[PDB]
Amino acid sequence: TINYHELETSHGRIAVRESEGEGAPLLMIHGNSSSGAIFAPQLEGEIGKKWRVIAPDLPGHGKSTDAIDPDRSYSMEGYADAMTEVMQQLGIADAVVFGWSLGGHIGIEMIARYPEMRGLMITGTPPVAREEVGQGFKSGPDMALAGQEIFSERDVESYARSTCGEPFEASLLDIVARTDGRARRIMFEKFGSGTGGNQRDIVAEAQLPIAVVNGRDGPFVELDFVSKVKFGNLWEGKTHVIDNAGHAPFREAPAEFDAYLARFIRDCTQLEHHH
């Protein structure tokens, strides 16, 4: 049973899905033009059965309302503010955070705002300074869509297929089509204007465990670049790659992805802590 409910926040009304797991909490943050519903395999599977999985919809996405103030909310740092507010309302200060793509960038911004975070896993996310975008991401037509306000029906399909990968389901179109397109345009411009913290520096200096897990065949992330990024505390000492998966290994290869996520949560929450 997934517990769905909505929170009135300063950013607007935020939809939240929670599993019924009694264990330590895991915040899962979805990507650009997605929603927390994308994390069905974790919410409804072994991860969500054990751990308290929380999968909200960002402002402008899914079942959340559009942002009260797009100029405040639609940016990596603005979304980080919104998710921090959500966690405060839920009374949870020490979640492990999993961020998918845009969600991973948001998670990086959350490090400063959510100091008791027990770990951060990023998938589909190259930590990059603004000038490093070409190094961290692969060039292509779906990539251009990341910052494009208006999607035709065909842009909806191309974007959904490239970002969500196999298997494609019609329900994915509904999610992408709903997205407030202003959020794409504004977030992308602000990323390029360096309005938030330098993500390269943030992850280099961050002391909490950061896990990096990607599909080998994703169309967006430069995996070699990611494997060279400096992290303060890289979980298991390397970046991890799942064969036969693209941008969304949590749905494309759930068992393999869940092995990493479960082990990371265990490591971050159930080992004796020494500074």
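One rule holds for the numbers: they count along the sequence shown, beginning at 1.
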Between 103 to 111 and 87 to 95, which has the larger average Cα B-factor in the PDB entry? 87 to 95
Hey, which bit's got the bigger mean C-alpha B factor in the entry, 37 to 45 or 208 to 216? 37 to 45
Kindly indicate the residue among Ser75, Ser162, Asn198, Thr123 with the greatest C-alpha B-factor in the PDB record. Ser162
For the listed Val128, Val203, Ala80, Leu145, which has the peak Cα B-factor recorded in the PDB entry? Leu145
Once the chain's modelled residues are ordered by C-alpha B factor and cut into thirds, is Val133 in the lowest, middle or highest one? highest
State the tercile, meaning the lowest, middle or highest third, of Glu20 with respect to the CA B-factors recorded for its chain. highest
C-alpha B factor of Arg13, ranked within the chain: lowest, middle or highest third? highest
If you rank the chain by CA B-factor, which third does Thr239 end up in: lowest, middle or highest? middle
Would you mind ranking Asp57 by its C-alpha B-factor against the rest of the chain and naming the third, lowest, middle or highest? lowest
